[PDB]
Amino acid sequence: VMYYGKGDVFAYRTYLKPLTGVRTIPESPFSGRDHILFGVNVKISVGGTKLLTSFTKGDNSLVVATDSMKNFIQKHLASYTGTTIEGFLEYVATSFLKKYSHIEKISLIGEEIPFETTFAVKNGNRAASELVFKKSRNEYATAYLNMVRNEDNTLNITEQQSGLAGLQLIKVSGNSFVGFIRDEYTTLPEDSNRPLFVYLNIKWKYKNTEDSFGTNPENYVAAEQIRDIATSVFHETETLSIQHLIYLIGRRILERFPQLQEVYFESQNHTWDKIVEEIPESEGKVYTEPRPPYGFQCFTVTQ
């Protein structure tokens, strides 16, 4: 391994070009983003054989300073004329390789810094404010891009992936976990009706990298739509395990978005411990936080 870069490059852009005309799906109202506020956290990694002596000899002649990579990213957010993080990453990568011929490979991660609308009273009625936004610490879109310079000096995207991170969903009933191995190590009771609490990170790849950019919004798959599919499928399914749930979410995603090649899931189980089983005159129960250990699952569904 030999690479170096800059992490936690925050950049907030006001009035990016709006994303509009995204083909809708029945699980989600999403059709686009106004982009009054567009926040992203970028990580940049660059490699190349010509970086060797920066390590072996302490020679900085071909070191682009990591601080300069941060300026590069923030200046390029100001000049980006597109409408998605995925497209922003391509713009940065192509511009960076064009600028710095001694770099053979660039890898970029962009994470949305999300904001939500708020209520303001305008002319006697509540409406979404065009000025005041709430910083959200819940789920967020992500994007990843790797680009290389070939021997013939052409540039090529070697990997692209979009995602949704930080989704935390609890379904209060309609979930079982039964029928698992019972042996000397098993103490977990079977549960016919648990309040399944799952953390979800979902990532997708497109058949055609072009479609990730949003230049034609009809082919763009938004993280918002993925979120809404996940909640709808969770609601619809009498789940039999997290494994069973995530497979079904992936199938739905790939049915709705035929331009996608695959969907990958990283899920964790955070289901609460039950404290009170029966409350007189109620269907209610009481639960509490479990001990730290958490189950997890990782799975790819392909088209």
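Note that residue numbering follows the sequence shown and begins at 1.
Checklist entry - Does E281, which is modelled here, drop out in at least a third of the other compared PDB entries? => result Counting only entries that model residues on both sides, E281 is unresolved in at least a third of them.
Checklist entry - Comparing 271-279 with 51-59, which stretch shows the greater average C-alpha B-factor in the deposited entry? => result The deposited B-factors put 271-279 ahead on the C-alpha mean.
Checklist entry - Should the higher mean CA B-factor in the entry be assigned to 237-245 or to 28-36? => result It is 28-36 that shows the higher mean C-alpha B-factor.
Next on the checklist: Just to confirm, going by the entry's C-alpha B-factors, which of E210, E139, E86, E111 comes out highest?
Outcome noted: Max CA B-factor in the entry, restricted to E210, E139, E86, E111: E210.
Next on the checklist: Using only the C-alpha B-factors in the record, can you name which of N201, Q74, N193, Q160 has the highest?
Outcome noted: Among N201, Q74, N193, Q160, the PDB entry lists the largest C-alpha B-factor for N193.
Checklist entry - Ranked by Cα temperature factor within the chain, is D183 in the lowest third, the middle third or the highest third? => result Within its chain, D183 is a lowest-third residue by C-alpha B-factor, going by the deposited values.
Next on the checklist: Looking at the temperature factor on the CA atom of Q297, which third of the chain's modelled residues does it land in?
Outcome noted: Lowest third - that is where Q297 ends up once the chain's C-alpha B-factors are sorted.
Checklist entry - By its CA B factor, does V286 count among the lowest, middle or highest third of the modelled residues in the chain? => result Tercile = middle for this residue's CA B-factor.
Checklist entry - Is the Cα B-factor recorded for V22 in the lowest, middle or highest third of its chain? => result For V22, the deposited C-alpha B-factor lands in the highest third.
Next on the checklist: Going by the CA temperature factor in the PDB record, which third of the chain does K105 belong to: lowest, middle or highest?
Outcome noted: Its C-alpha B-factor, which the entry lists for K105, ranks in the middle third among residues of this chain.
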